[PDB]
Amino acid sequence: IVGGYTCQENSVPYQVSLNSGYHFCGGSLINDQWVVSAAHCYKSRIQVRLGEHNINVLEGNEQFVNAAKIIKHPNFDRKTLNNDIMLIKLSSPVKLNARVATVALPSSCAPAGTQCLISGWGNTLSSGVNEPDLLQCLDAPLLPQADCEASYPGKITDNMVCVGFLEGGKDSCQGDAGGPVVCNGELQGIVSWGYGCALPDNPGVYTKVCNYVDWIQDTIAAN
Amino acid sequence: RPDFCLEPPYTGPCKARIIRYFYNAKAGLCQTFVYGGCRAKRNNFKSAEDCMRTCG
Ligand SMILES: [Ca+2]
C-alpha cells in the first residue's frame with residue numbers, strides 16, 4: 001500500500017496473509033473455513049495466517065492454518081487477468097474472535113464513487129522497495145468504469161473495477177494482491193493488477209467480486 | 001549471451017510478491033527481484049542455477 005496509513009491494530013480482522021515461506025499475497029476470510037484471494041496468487045502449498053498485525057513478530061493473537069483445497073476460477077486468464085479470483089478451504093475451522101472475523105459478500109454491485117478500504121502488507125513506495133511490518137490501510141473510491149477504460153485502453157473487462165485516484169499517489173502494490181477492498185462492510189474487490197504503483201493515470205485494477213457471489217456460494221457448498 | 005539476459009528485471013502488472021532470479025549484466029551475476037506474479041519476461045528464473053546456466 002502506497003500513500004496509506006498504519007491500520008489500527010486488529011481493525012481489519014478479515015485480512016489474512018498467504019505464506020509459503022514468506023508473505024506473498026493477501027486474502028479475506030469469508031467464513032470459518034474459507035478464504036478468498038486472487039488466482040494469480042496460486043501456490044501448490046499455502047499457509048494462511050490470521051489475526052496478524054505485525055507480520056514479522058509473534059504477537060500471540062495469530063492462528064496458522066494450512067490450505068486443504070485451492071480452487072481457482074475455471075475461466076481465469078493468466079494473460080488478461082480476467083476472472084482473477086480464487087477460493088482457499090482451510091484444513092480446519094478457525095476460531096472467530098475480535099482479532100479474527102469474517103467479511104460479508106456483496107449484496108449487489110457498489111456504484112462508482114463509493115468509498116472503500118484497502119489493506120495489505122505490500123510495498124509502500126512507488127519507486128523503490130519498502131516492505132512494512134505493520135498492516136497498511138487506504139481509503140479510496142470506486143472509479144467510474146469510463147475512467148478505468150480510459151486509463152487502460154482495451155484492457156478492462158466487466159469483471160474488473162478501478163479503485164483509487166487518477167492523480168496517483170495512493171494505490172495498492174506488490175505484496176497486496178489477493179487483499180480486500182471493503183465498502184460499507186461488504187467485500188467489493190480483490191487487489192489484482194495495475195501498471196506500476198500510485199502512478200498518475202494508472203489506478204489499481206481490482207476483481208469485481210459482485211459478479212462471483214453465486215460461483216463462490218456454489219463452490220463452497222460443493223466442497 | 002542471449003539478448004533477454006541484458007534486459008532489466010520486469011516486475012509485471014500483477015501485485016503478488018514473488019522472489020525470482022534475474023541476470024544482472026552490470027554486475028555480471030544473478031540476483032533476486034520482486035516478480036508480480038504474471039506476464040514474466042525471459043530474464044526471470046525460479047533458481048540461481050537456471051539463471052547462471054542460461055545467462056552465465
Ligand atoms: Ca504477528
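Below, read A as the first sequence line, B as the second, and so on, with proteins coming before strands; counting in each chain starts at 1. The analysis underlying the following values was restricted to heavy atoms, covering all of them including side chains, and did not include hydrogens, waters or symmetry mates.
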* Structure fact -> In short, ring pair (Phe, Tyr, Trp, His ring centres under 6.0 Å) pairs touching residues 36-56 of chain B with sequence neighbours left out are none
* To do: Determine yes or no for a side-chain-to-main-chain donor-acceptor pair under 3.5 angstrom, with B:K15 supplying the side chain and A:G194 the backbone.
  => no
* **Which atoms of A:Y22 approach chain B - backbone, side chain, both or neither, heavy atom under 4.5 Å** => side chain
* Between CD1 of B:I18 and SG of A:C41, what distance do you get to the nearest 0.5 Å? -> 7.5 Å
* Would you find more than 12 non-hydrogen atoms of other residues, nucleotides or ligands less than 6.0 Å from A:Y212 atom OH? -> yes
* Derivation of the side chain to side chain contact (heavy atoms under 4.5 Å, CB included) call for B:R39 and A:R78 -> CA-CA 8 Å; B:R39 298 169 67 60; A:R78 298 165 182 275; over 6 Å; no
* Side chain of A:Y195, backbone of B:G12: donor and acceptor closer than 3.5 Å? -> no
* Atom of A:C25, atom of B:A16 and distance for their closest heavy-atom approach -> SG-CB, 3.6 Å
* To do: Under the side chain to side chain contact (heavy atoms under 4.5 Å, CB included) rule, what do A:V129 and B:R17 come out as? Steps first, then yes or no, please.
  => CA-CA 11 Å; A:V129 175; B:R17 194 258 191 190; over 6 Å; no
* Kindly say whether B:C14 contributes a backbone atom to a donor-acceptor pair with the side chain of A:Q174 at under 3.5 angstrom? => yes
* Within a reach of under 6.0 Å around NZ of A:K155, are more than 12 heavy atoms found that belong to other residues, nucleotides or ligands? -> no
* Can you say whether A:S192 sits under 4.5 Å from chain B via the side chain, the backbone, both, or neither, judging by heavy atoms? -> backbone
* Do other residues, nucleotides or ligands put more than 12 heavy atoms under 6.0 Å from the CG atom of A:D158? -> no
Going by atom type alone, with no hydrogens or angles, which donor-acceptor pairs under 3.5 Å involve a side-chain atom of residues 136-150 of chain A and a protein atom two or more places apart or on another chain?
from	atom 1	to	atom 2	distance (Å)
A:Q136	NE2	A:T6	OG1	3.2
A:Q136	NE2	A:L134	O	3.1
A:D139	OD1	A:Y5	OH	3.4
A:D139	OD2	A:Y5	OH	2.8
A:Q145	NE2	A:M160	O	3.2

